[PDB]
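Any value given below was found using the heavy atoms of this structure, including those in side chains, with hydrogens, waters and symmetry copies removed. To find a chain, count down the sequence lines: A is the first, B the second, and so on, and within it residues start at 1.
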Amino acid sequence: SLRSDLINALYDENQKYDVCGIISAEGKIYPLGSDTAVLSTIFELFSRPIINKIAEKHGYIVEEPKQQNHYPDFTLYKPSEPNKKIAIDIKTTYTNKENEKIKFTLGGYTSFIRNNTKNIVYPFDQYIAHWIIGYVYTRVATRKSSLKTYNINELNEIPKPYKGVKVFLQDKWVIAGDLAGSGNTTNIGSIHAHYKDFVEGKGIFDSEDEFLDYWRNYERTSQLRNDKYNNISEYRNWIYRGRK
Amino acid sequence: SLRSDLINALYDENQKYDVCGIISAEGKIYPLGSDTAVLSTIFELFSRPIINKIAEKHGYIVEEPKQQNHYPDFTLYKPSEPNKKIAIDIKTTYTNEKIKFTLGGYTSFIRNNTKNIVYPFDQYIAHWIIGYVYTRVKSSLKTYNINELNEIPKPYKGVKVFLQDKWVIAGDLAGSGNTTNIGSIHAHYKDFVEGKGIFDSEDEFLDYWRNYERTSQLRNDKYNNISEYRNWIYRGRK
DNA sequence: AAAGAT
DNA sequence: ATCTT
DNA sequence: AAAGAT
DNA sequence: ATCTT
Ligand SMILES: [Mn+2]
Ligand SMILES: [Mn+2]
Ligand SMILES: [Mn+2]
Ligand SMILES: [Mn+2]
Ligand SMILES: [Mn+2]
Ligand SMILES: [Mn+2]
Ligand SMILES: [Mn+2]
Ligand SMILES: [Mn+2]
Ligand SMILES: [Mn+2]
């Protein structure tokens with residue numbers, strides 16, 4: 001399928017190639033700095049040609065947001081299936097020690113999931129799938145050789161601020177958790193688990209409808225959530241009682 | 001001086017090189033996308049070698065945050081004068097024309113000496129902003145090899161760069177809401193280079209943003225702009 | 001612009 | 001967009 | 001974690 | 001970190 005070919009290609013490219021810097025048209029290379037700020041940009045750019053190639057092999061049109069602040073990173077679809085669009089959003093996080101538990105921020109819970117056309121490239125109801133390509137890497141402190149530029153002939157002598165990159169492709173609802181991913185910017189939080197749990201889809205929601213109802217009615221602060229629900233057990237009790 | 005040699009190197013480097021992609025150890029190049037995040041990241045990386053080269057010429061050590069979400073992008077200090085650090089932070093914005101930058105929070109280190117800052121705020125003697133401005137600009141969804149560098153399309157054109165003191169270019173209207181950022185003046189590139197700001201002093205700039213309330217409701221009984229802040233001062237800070 | 005989006 | 005305390 | 005930092 | 005509505 002489009003999905004299995006896509007993760008096979010991302011998994012393969014990740015295994016083979018390592019990104020090591022930004023290059024100028026003049027051929028000068030600038031090394032990579034430390035944060036997920038830098039790495040999240042790098043893994044998203046790494047992913048673009050792969051996603052396009054597989055999408056094309058399958059007959060899909062690939063569209064990135066023409067406007068800033070709009071989800072998703074990539075919209076895929078066949079002209080013949082306008083209402084079966086696929087959203088793919090790339091998310092990244094890090095670990096300090098290889099293999100510990102990780103969590104991702106999955107985007108807002110008060111934009112398009114509550115307003116069909118808010119901050120999304122096509123109306124929400126035109127999408128039938130929302131996939132997350134998740135990247136995890138282990139941090140490696142920057143070295144005092146990262147601060148010089150390099151020429152192409154030194155490509156593999158460039159130090160990297162990361163190691164152990166892993167990648168997965170999973171449905172957003174499947175890896176969504178029940179605790180916010182951020183406060184002031186109201187993000188859905190994924191489960192906090194091991195990389196394999198994301199691959200296997202060991203999340204907390206039983207269905208995509210449950211994930212949506214939960215996040216569509218999740219209040220913004222602990223105060224606002226006090227008489228409602230703050231986690232999945234509380235939400236299921238709240239559902240049991242009649243949404244009260 | 002360190003400042004003048006840095007302005008000169010930044011201008012020069014920006015003039016000589018145009019960043020066009022990320023490269024893998026295997027030599028494959030991936031083009032740049034248009035997300036805001038992309039340009040912010042690229043200009044910061046681009047500045048790193050320039051800043052370290054000039055700092056070392058001047059005897060300054062350069063330290064980047066060892067912890068994420070901490071200001072500033074670069075901390076400079078001569079070993080002998082540790083209590084005299086220089087903060088340099090990179091900011092970016094776009095054009096198609098007046099521009100404005102978000103200059104960082106007004107509720108972190110300016111209100112709490114050790115909050116989200118690498119070294120105590122009182123150890124810094126200067127806070128500089130390196131501002132990058134560019135003009136925003138297809139199936140650039142494929143990889144390239146070294147022989148094709150010159151054909152890779154870019155999501156930008158006309159990059160300009162300046163270095164100015166943060167207080168000098170700071171404005172009186174928030175640069176963001178929920179992430180409570182100081183907004184810079186809304187002016188032309190030339191005004192940033194020339195330092196044509198609104199605050200009469202660094203003291204005024206800091207006091208203003210240290211007492212700016214977070215919402216209009218709160219601000220409308222105190223101050224919403226520099227004129228109202230000056231009147232608040234006259235009323236006795238109430 | 002203020003407020004809230006990625 | 002994701003991270004710290 | 002929640003809340004608020006870059 | 002900075003953008004949109
Ligand atoms: Mn993106
Ligand atoms: Mn993304
Ligand atoms: Mn953890
Ligand atoms: Mn919109
Ligand atoms: Mn596990
Ligand atoms: Mn930075
Ligand atoms: Mn910066
Ligand atoms: Mn700290
Ligand atoms: Mn002007």
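Between A/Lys91 and D/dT2 there is a side-chain N or O to OP1 or OP2 distance below 4.0 Å. Under 4.0 angstrom from either OP1 or OP2 of D/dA1 there lies no side-chain N or O belonging to B/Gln68. Within the structure, a side-chain polar atom (N or O) of B/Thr93 is placed less than 4.0 Å from OP1 or OP2 of F/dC3. For B/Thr107 and E/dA5, the shortest distance from a side-chain N or O to OP1 or OP2 is below 4.0 Å. Between B/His70 and D/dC3 there is no side-chain N or O to OP1 or OP2 distance below 4.0 Å. Between A/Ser182 and D/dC3 there is no side-chain polar atom (N or O) within less than 4.0 angstrom of OP1 or OP2. Distances shorter than 4.0 Å separate some side-chain N or O of B/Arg219 from OP1 or OP2 on C/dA2. Remark: A/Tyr135 is not in phosphate contact with D/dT2, judged by side-chain N or O atoms under 4.0 Å from OP1 or OP2.
Between the side chain of A/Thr185 and the base of D/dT2 there is at least one donor-acceptor pair of N/O atoms closer than 3.5 Å. Evaluation of atom-type donor-acceptor distances gives no pair under 3.5 Å for the side chain of A/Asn119 against the base of C/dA5. Taking 3.5 Å as the limit, the base of C/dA5 and the side chain of B/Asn178 contain a donor-acceptor pair of atoms between them.
The separation between B/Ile226 atom CD1 and C/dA1 atom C1' is 17 Å, rounded to whole Å. Whole-Å rounding puts the B/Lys166 NZ to F/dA1 P distance at 9 Å. Whole-Å rounding puts the A/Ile188 CD1 to E/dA1 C1' distance at 18 Å. Atom pair A/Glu64:CD and C/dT6:P shows a separation of 17 Å (rounding to whole Å applied). Remark: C1' of C/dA1 and OH of B/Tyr223 are 17 Å apart, rounded to the nearest angstrom. Between B/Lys98 atom NZ and F/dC3 atom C1' the separation is 19 Å, expressed in whole Å. One interatomic measurement links the two molecules: CG of A/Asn96 to P of D/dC3, which rounds to 11 Å at whole-angstrom precision. Atom NE2 of A/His130 and atom P of C/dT6 are 13 Å apart (whole Å).
With respect to the salt-bridge test (charged N to carboxylate O, under 4.0 angstrom), the residues B/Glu228 and B/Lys222 do not qualify. A salt bridge links A/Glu64 with A/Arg48; the closest basic N to acidic carboxylate O contact falls under 4.0 Å. A salt bridge does not link B/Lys157 with B/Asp18: every distance from a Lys NZ or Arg NE/NH1/NH2 to an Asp or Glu carboxylate oxygen is 4.0 Å or more.
Within 4.0 Å (heavy atoms only), A/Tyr109 reaches no atom of the nucleic acid at all. Contact annotation for A/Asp73: backbone-only contact, meaning every heavy-atom pair under 4.0 Å involves sugar-phosphate atoms and none involves a base. At the heavy-atom level, B/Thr102 lies under 4.0 Å from base atoms of the strands shown. Residue contacts shown for B/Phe109 are limited to sugar-phosphate atoms, with no base heavy atom under 4.0 Å away. Residue-level contact check: B/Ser108 touches the backbone only, with heavy atoms under 4.0 Å from sugar-phosphate atoms and none from bases. Within the 4.0 angstrom heavy-atom criterion, no nucleotide atom of any strand lies near A/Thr186. Here B/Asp89 lies in heavy-atom contact (under 4.0 Å) with sugar-phosphate atoms only.
The aromatic rings of A/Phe211 and A/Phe205 sit perpendicular to each other, their planes meeting at more than 60°, with 30° as the lower class boundary.
There is a side-chain donor-acceptor pair under 3.5 Å between A/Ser34 and A/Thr142.
You'll find that the side chain of A/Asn69 is closest to C/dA5, out of E/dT6, D/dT4, C/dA5.
Contact check for A/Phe46 versus A/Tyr135: side-chain heavy atoms found under the 4.5 Å cut-off.
Nucleotides C/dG4 and D/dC3 fail the base-pair criterion, which asks for a Watson-Crick or G-U wobble arrangement whose two donor-acceptor distances both fall under 3.5 Å. The bases F/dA1 and C/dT6 are paired, Watson-Crick or G-U wobble, with both atom distances under 3.5 Å.
With A/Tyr218 as the fixed residue, the ring-ring contact (aromatic ring centres under 6.0 Å, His included) test singles out one of A/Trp238, A/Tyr109, A/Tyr235: A/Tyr109.
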